[PDB]
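J.: Below you'll find the sequence and an experimental structure to go with it.
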Amino acid sequence: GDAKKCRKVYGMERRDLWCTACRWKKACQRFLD
DNA sequence: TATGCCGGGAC
DNA sequence: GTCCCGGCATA
Ligand SMILES: [Zn+2]
């Protein structure tokens, strides 16, 4: 929904700024839900 | 079109 | 251990 986890924050042009769960398309370890 | 995730795949 | 996508649930 209206949430903003790593990928919707930084985008694929800044993928290096995401958490390692987001890097691997697994449940976010940073922006908990 | 695209986030966000499990099941499956790579080395 | 460290690395990621295909297909799906979902909007
Ligand atoms: Zn994350």
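T.: Yes, it's here. Numbers count the residues shown, from 1 in each chain, chains lettered A, B, ... in the order given.
J.: Would you mind listing what in chain A touches the ion?
T.: Within chain A, the positions near the ion by CB under 5 Å from the ion are A:6, A:19, A:22, A:28, A:30. For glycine as for every other residue, the C-beta is placed from the backbone atoms N, C-alpha and C.
J.: DNA strand B next: which of these are close?
T.: Among these, the ones lying near DNA strand B by CB under 7 Å from any atom of the strand are A:6, A:22, A:28.
J.: got the contact list for the first one?
T.: The contact partners of residue A:6, taken as CB atoms under 8 Å, 6 or more residues apart in numbering, are A:17-19, A:22, A:28, A:30-31.
J.: and what of the last one?
T.: The contact partners of residue A:28, taken as CB under 8 Å, 6+ apart, are A:5-6, A:19, A:21-22.
J.: Please name the spatially closest residue to it (chain neighbours excluded).
T.: residue A:5 (4.7 Å; CB to CB, 6 or more residues apart in numbering).
J.: Relative to residue A:17, how far out is that neighbour?
T.: 12 Å (CB to CB, to the nearest Å).
J.: For the two, indicate the residue with more neighbours.
T.: residue A:5 (17 against 13; other CB atoms under 10 Å).
J.: how far away is the more buried one from residue A:11?
T.: Distance of residue A:5 to residue A:11, given as CB to CB: 12 Å.
J.: same question, residue A:30
T.: Applying CB to CB to residue A:30 and residue A:11 gives a distance of 16 Å.
J.: Surely residue A:4 touches residue A:30?
T.: No. Counting by CB atoms under 8 Å, residue A:4 does not reach residue A:30; the two are 11.3 Å apart.
J.: Spell out which parts of chain A neighbour DNA strand B.
T.: A:3-9, A:11-12, A:21-22, A:24-28, A:33.
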